[PDB]
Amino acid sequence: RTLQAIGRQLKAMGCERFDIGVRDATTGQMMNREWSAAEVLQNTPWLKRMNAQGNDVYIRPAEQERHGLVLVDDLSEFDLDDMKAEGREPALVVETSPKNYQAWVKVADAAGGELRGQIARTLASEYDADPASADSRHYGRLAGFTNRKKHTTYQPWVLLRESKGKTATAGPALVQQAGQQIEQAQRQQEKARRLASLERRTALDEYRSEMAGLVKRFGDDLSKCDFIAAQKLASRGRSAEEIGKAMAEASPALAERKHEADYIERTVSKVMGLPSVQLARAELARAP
């Protein structure tokens, strides 16, 4: 029955190539192989050996396979009833343990990773399924093997329950919805872009940023502006030299001097003597 189940599952999935995952439930050890459907069947003896030795057997379409299959994990029989009645008909259903199911939903003949991942999250949300399982590259279980990851008197079998292989009624609609949601996100991105436009950063950039706000409220005391900006830069770990050089280049109060060097030195000296600056710097020194 193992061979027959694998054969039906591969046909229902419909891919040319698959990733097969083999994981030791006790130890943690992992192997991944990429195989044609013919090669998966050719390797059934080895997979059964590995399963008997305590390994779970997993399956997904290969990377850069062109497909529209989306995995939905941790479903009840009632969840599947709802899915079917809403046009999210499974292309196949796998029982992973008693009363616990996975479905693969075919939304298109081909859909990129971007759309599939969005749909996976959408379907997991729609049916309150496992969100951690919702991504374009998540492994499902391969039918025909024992679940090694237990009942009283014994380890449950992974069973292929249905395997129609047909595109869901809502497939084209789910592809449209995903595209609309991505387009919406992109509009908000453009909004945030345009907003920042109206409103890589060195000591100089840091100084100018602080000043632009300080001169609006303290426009009659540009040296005070310097003092507050210097205090902020010094509290954030900037050097006395970094701050001096920034003032030398960009300070309006400095441009009035001459002398220049003395004003900078005194500004930096006063700032470095402040308990606030000393404590902030000491607390910074304890960070990586």
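Start at 1 and count along the sequence shown; that's the residue number.
In the deposited entry, the stretch joining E199 to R200 is interrupted by 4 to 9 residues of the deposited sequence lacking coordinates. Per the PDB record, of the two stretches 131-139 and 169-177, 131-139 carries the greater mean B-factor over its C-alpha atoms. Stretches compared: 200-208, 88-96. Higher mean C-alpha B-factor in the entry: 200-208. For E114, the recorded CA B-factor ranks within the highest third of the chain. Only modelled residues enter the ranking. In this PDB entry, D79 carries a Cα temperature factor that places it within the lowest third of its chain's modelled residues.
Split the chain's modelled residues into thirds by C-alpha temperature factor. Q53 is in the lowest one.
Compared with the other modelled residues of the chain, the Cα B-factor recorded for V271 ranks in the middle third. When the modelled residues of the chain are ordered by their C-alpha B factor, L69 lands in the middle third.
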